[PDB]
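Okay, here we've got a single chain as structure tokens, the form deposited in one PDB entry, with questions on binding and movement later.
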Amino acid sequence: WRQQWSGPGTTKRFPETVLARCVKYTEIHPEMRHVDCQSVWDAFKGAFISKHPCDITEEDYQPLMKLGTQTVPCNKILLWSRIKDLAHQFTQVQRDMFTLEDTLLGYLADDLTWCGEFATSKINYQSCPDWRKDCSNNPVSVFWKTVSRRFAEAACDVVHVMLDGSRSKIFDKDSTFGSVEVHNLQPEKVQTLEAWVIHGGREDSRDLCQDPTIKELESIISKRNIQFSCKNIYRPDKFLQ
């Protein structure tokens, strides 16, 4: 008998890839000289190997979180939801805004899938639990839930979030931003959450800050005692310049 999940299995060469990304990150960032990439890999593998892939906890990732500290300035955070490429293109142009992918852990795990099995050290290259179809507490989803919660908790001053105005649901309360990040912004550190609704499609222009999902985000943020601000980015290329 072999247990089979609905999701794709661990990315081929996952151990080598994580180790190589750790080494590349330390070679490009001077503030990472004290980081031992072999220890980072051992902490990462230790979070999920030998464990049932549907019973992973935020606590399983604590050793990895201790090795992969966050150093980005809290007043320069850009969150985003379903507009990844434009958000990262904007940060490369501003050079004074950072996303979760700018951190060691965000950079290590991006676009990778991984899981193990109970009692053995074997990484499952055949299949991994799908968050929706199999189980929410899988190694990948738990990792992103933990790292995005820490990223949001650290934020301060004005936090910006880029949203895709051409989507049917502009703010989706089920996304990582909607279900994790918004709920961990601290009012004693964060004065305002400012949404930038990008009009990056050919849709008929309209004030998208009036969309029902934006009113829902405003309500969530207001109940946390944080100010909400929303801006329409009617001309994204002009906003970049």
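When you see a residue number, it is the position in the sequence shown, counting from 1. For clarity, a rigid core is taken as the largest C-alpha set superposing within 1.5 Å between two forms.
Only in words, not in the display: the form deposited in another entry, which the text now covers.
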With the rigid core superposed, which of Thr69, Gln186, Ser39, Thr57 has its C-alpha shift by 2 Å or more between this form and the one not shown?
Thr69
Core-aligned, is the CA shift for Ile233 between this form and the one not shown 2 angstroms or more?
yes
Inspect the rigid-core superposition and answer whether the C-alpha of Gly201 shifts by 2 angstroms or more between this form and the one not shown.
yes
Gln126: after superposing the rigid core, is there a C-alpha shift of 2 Å or more between this form and the one not shown?
no
Is the CA-CA spacing of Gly200 and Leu112 tighter or wider in the other form than here, given a 3 Å or more change?
closer
